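Residue numbers for the sequence shown follow PDB author numbering, so the first one is 45 and each next one is one higher.
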Amino acid sequence: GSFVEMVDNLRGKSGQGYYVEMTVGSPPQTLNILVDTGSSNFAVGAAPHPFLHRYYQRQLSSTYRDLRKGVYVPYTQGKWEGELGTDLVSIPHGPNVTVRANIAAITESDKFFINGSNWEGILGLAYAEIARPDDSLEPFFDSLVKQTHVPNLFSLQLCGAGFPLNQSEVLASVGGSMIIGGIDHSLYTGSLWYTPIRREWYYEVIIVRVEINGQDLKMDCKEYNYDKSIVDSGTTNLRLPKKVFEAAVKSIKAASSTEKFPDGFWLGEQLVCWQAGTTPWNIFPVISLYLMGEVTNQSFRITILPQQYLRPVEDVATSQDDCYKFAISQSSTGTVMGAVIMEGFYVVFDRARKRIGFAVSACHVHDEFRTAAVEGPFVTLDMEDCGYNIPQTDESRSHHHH
Ligand SMILES: CN1C(=O)[C@]2(CC(C)(C)Oc3ccc(-c4cccc(C#N)c4)cc32)N=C1N
Ligand code: NI
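Given below as C-alpha cells:
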C-alpha cells in the first residue's frame with residue numbers, strides 16, 4: 045500500500061482543474077492533461093491555439109497511426125473537435141508502462157482551453173458508454189488495464205488551497221495525487237467506506253440523505269439524485285439539483301445569518317472578504333451527504349466543511365483580506381460531487397469491484413474545531429429506492445449494442 049512515485053503527481057490552478065503530466069508519441073512529447081472522471085475521451089490539443097504553448101505534433105511521432113475518422117464534441121459551454129488516431133502513451137509519474145491508446149487530436153475548439161490553466165488536453169477516466177463518437181472508442185484506462193497488468197483501479201487525492209496565499213497576481217497553485225492501480229495508505233486516515241457504482245457510464249452513485257449542520261433536509265431522496273449523482277474530478281463545485289440547491293442555500297443562509305452577503309455571493313458571482321485570518325468559519329455549517337452502502341439498508345456519510353465549499357481567491361485590490369467564492373451551485377443535470385467534495389477525501393475509483401471509496405484525506409483543509417469526516421454505518425430499516433430512472437428517448441432506445 046505504498047506508491048511513492050505517484051504521490052504529488054497532480055498540479056493545477058484553483059478552480060481550473062487538476063492535471064497530470066503525460067507523454068504521447070515516439071519519442072515522448074510531454075503534455076499536461078486534465079484528470080476528468082466526468083468524461084471518457086483522451087483528447088489533446090494538436091494544432092496552434094492562443095492559450096496553448098505547445099501541442100501534440102502527430103508528424104513528429106513515428107508510432108502515430110491515423111484512424112481516418114473525425115470526432116465532434118459539443119457541450120453546454122462550447123465544443124472540441126478533431127481527428128481520431130492511436131499512439132503510444134505513458135504517465136511519467138505513474139506506472140512504469142507504455143500503452144497504445146486512442147487519442148483525439150483536437151484541431152478546432154471553442155471555449156475548451158482556458159488561458160493560464162496550463163493544461164493542453166483531457167484524460168476522460170469514465171466509462172465507454174459516454175465516449176465519443178460512440179462506445180466503441182476504447183477509453184484510455186480500459187486500454188491501460190487490457191494491455192498491462194495494472195489493476196483495474198485508480199485513486200485521487202485532490203488537495204485544496206488555503207490562506208495565507210503566496211501570490212496576488214495569479215490564482216493559487218493546487219496539488220494532488222493520482223495513484224494508478226492502487227491505494228496509498230499515507231494519503232488517508234481512518235476508515236475507507238465504499239458506495240456502489242450504480243451504473244458504469246459516469247461514476248454514478250446514490251445519495252440517500254442530506255444534512256446541513258446536523259439538520260435533515262427531509263426531501264424525497266430521489267430529489268438528491270435527480271436525474272443522477274456523479275463523482276466528477278472535472279467539475280470544481282458541489283453542484284446540486286435546483287430543489288436541493290434552494291433548500292441547501294436556505295439552510296446555509298440561516299446558519300450564517302449574522303453576516304448579510306449580497307445575492308451575488310450565493311450565486312457564485314461575487315467574493316466576500318474578512319480581514320486576514322479572521323474568517324468566522326464557525327458561522328458556516330457542515331454539509332453531510334449520506335451515500336448508499338455496500339450492504340442493503342446501510343449508508344455512510346461524508347461530511348465537508350466551509351473550508352471546502354468556500355474557495356479562497358486572493359484579490360489584487362483586496363490583498364490585505366481573505367476573500368472567498370461560494371462553490372455550491374445549481375444543476376439541471378443532477379448532483380455533481382466535484383472538487384468541493386473530493387478535496388475533503390481520498391477517493392478510490394474501484395472499477396474492478398464496481399464501487400467508490402471515501403476516506404478522510406490526509407491533506408484536507410480544516411481547523412481545530414471541525415474536520416471533514418467519513419462515518420458509518422447508518423442503518424435504515426426498509427431503506428427506500430433513491431435512484432432516478434432517466435426517461436428513455438426513442439433515439440437512445442433505437443441503438444443496438446452488439
Ligand atoms: C463538467 N465537465 C465538463 O464540462 C468537461 C467536458 C469536456 C468535453 C471533457 O470538456 C471540458 C473542458 C474543461 C473542463 C473544465 C474547465 C475548468 C475547470 C474544470 C474543473 N474542475 C474543468 C471540463 C470539461 N468535463 C467535465 N467533467
Ligand atoms: Ni443490430
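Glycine included, every Cβ here is placed at the ideal spot set by N, Cα and C.
message = Please give me, in chain order, every unbroken run of the alpha helix (DSSP H) with length at least 4 that falls completely inside the stretch 350-400.
response = For the stretch 350-400, the continuous alpha helix (DSSP H) assignments of 4+ residues that do not extend past its boundaries occur at 350-353, 383-386, in sequence order.
In DSSP terms, what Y62 is bridged to = DSSP output for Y62 lists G56 as bridge partner(s).
query = Would the C-beta of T280 count as close to ligand 1, meaning under 7 Å from any of its heavy atoms?
reply = Look at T280: its beta carbon is less than 7 Å from one of the heavy atoms in ligand 1.
ask   = Within the present structure, is the beta-carbon of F156 separated from the nearest heavy atom of ligand 1 by less than 7 Å?
value = Answer for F156: yes, Cβ within range of ligand 1.
request  = Output the residues surrounding ligand 2, defined as those with a CB atom closer than 7 Å to any ligand heavy atom, in chain order.
outcome  = Every residue passing the under-7 Å Cβ criterion appears here: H444, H446.
ask   = Looking at the structure shown, is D179 part of a helix, part of a strand, or coil, going by DSSP?
value = Here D179 sits in coil by DSSP.
query = To which residues of the same chain is residue 33 closer than 8 Å at the C-beta, ignoring the five residues directly before and after it?
reply = As shown, the chain starts at 45 and ends at 446. That puts residue 33 outside it, with no answer to give.
ask   = Measuring CA to CA, which of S375, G420, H93 is closest to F289?
value = For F289, the nearest C-alpha among the options comes from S375.
inquiry  = Among the candidates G234, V330, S84, whose CA atom is the shortest distance from the CA of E419?
reply    = Relative to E419, the option among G234, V330, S84 whose CA is nearest is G234.
task = Rounded to whole angstroms, what's the CA-CA distance from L167 to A396? Just pull it up for me.
result = Just so you know, the alpha carbons of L167 and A396 end up roughly 19 Å apart.
message = Restricting to runs no shorter than 4 residues, where is the alpha helix (DSSP H) found entirely within the stretch 140-166?
response = None, since the stretch 140-166 contains no complete alpha helix (DSSP H) of that length.
query = Does the beta carbon of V117 fall short of 7 Å from some heavy atom of ligand 1?
reply = With a threshold of 7 Å, the Cβ atom of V117 counts as near ligand 1, since some heavy atom of the ligand is closer than that.
inquiry  = Is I241 a contact residue of ligand 1, with contact defined as CB to any heavy atom under 7 Å?
reply    = Because no heavy atom of ligand 1 lies under 7 Å away, the Cβ of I241 does not count as near it: no.
inquiry  = Can you determine whether any heavy atom of ligand 1 sits closer than 7 Å to the C-beta of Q60, and answer yes or no?
reply    = Answer for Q60: yes, Cβ within range of ligand 1.
Identity of the residue in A403, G45, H443 nearest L236 by Cα = Nearest option by C-alpha distance: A403.
inquiry  = Distance check for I150 and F156, CA to CA, integer angstroms please.
reply    = About 10 Å.
query = Along the chain, which unbroken stretches of the alpha helix (DSSP H) at least 4 residues long are found entirely within the stretch 271-329?
reply = Counting only runs of 4+ residues, the alpha helix (DSSP H) found wholly inside the stretch 271-329 occupies 286-299, 307-310, in chain order.
message = Please state the DSSP three-state secondary structure of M336.
response = Taken through DSSP and simplified to helix, strand or coil, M336 comes out as strand.
query = Going by alpha carbons, who is nearest to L128 out of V141, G89, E164, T120?
reply = Sorting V141, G89, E164, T120 by C-alpha distance to the C-alpha of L128 places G89 at the top.
task = Within 10 angstroms of the Cβ of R176, are there 16 or more other Cβ atoms? Answer buried if so, exposed if not.
result = So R176 ends up on the buried side.
ask   = Which two residues bound the contiguous alpha helix (DSSP H) that contains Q101?
value = It is not in any alpha helix (DSSP H) - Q101 carries neither H nor E in the DSSP assignment.
query = Helix, strand or coil: how does DSSP classify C407 here?
reply = Coil at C407, not helix or strand.
task = Taking only heavy atoms of ligand 1 into account, decide whether any of them is closer than 7 Å to the Cβ of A383.
result = At least one heavy atom of ligand 1 lies closer than 7 Å to the C-beta of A383.
inquiry  = If I follow the unbroken beta strand (DSSP E) through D131, where does it start and stop?
reply    = Note, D131: beta strand (DSSP E), 123-134.
query = Roughly how many angstroms lie between the CA atoms of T340 and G61, to the nearest whole one?
reply = Annotation: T340 to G61 spans about 35 Å, alpha carbon to alpha carbon.
ask   = Does ligand 1 have a heavy atom nearer than 7 Å to the CB of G82?
value = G82 has its CB nearer than 7 Å to a heavy atom of ligand 1.
query = Quick one, are the C-beta atoms of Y232 and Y99 less than 8 Å apart?
reply = No, they are not a contact pair.
message = Measuring straight from C-alpha to C-alpha, what distance separates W163 and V115?
response = For the pair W163 and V115, the Cα-to-Cα distance works out to about 20 Å.
inquiry  = By the three-class DSSP mapping on this structure, what secondary structure does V51 have?
reply    = Of the three classes helix, strand and coil, the one that applies to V51 here is coil, per DSSP.
key: Cβ-Cβ separation, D359 to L315 (assumed contact under 8 Å), whole Å   = With 8 Å as the limit, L315 and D359 qualify as a contact, their Cβ atoms being about 6 Å apart.
ask   = Where does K190 land, buried or exposed, given buried means 16+ other C-beta within 10 angstroms?
value = Exposed, since its Cβ has fewer than 16 Cβ neighbours within 10 Å.
inquiry  = Using the three-state DSSP reduction, which class does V189 fall into: helix, strand or coil?
reply    = In the structure shown, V189 sits in a helix (DSSP, three-state: H, G or I).
inquiry  = Is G160 a contact residue of ligand 1, with contact defined as CB to any heavy atom under 7 Å?
reply    = Outside the cutoff, so no.
ask   = Would you say the beta carbon of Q121 comes nearer than 7 Å to a heavy atom of ligand 1?
value = Yes, the Cβ of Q121 comes within 7 Å of a heavy atom of ligand 1.
inquiry  = Shorter than 7 Å, the distance from the beta carbon of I372 to the closest heavy atom of ligand 1, or not?
reply    = No heavy atom of ligand 1 is found nearer than 7 Å to the CB of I372.
message = Tell me whether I166, by its Cβ, gets closer than 7 Å to a heavy atom of ligand 1.
response = True, at least one ligand heavy atom lies under 7 Å from that Cβ.
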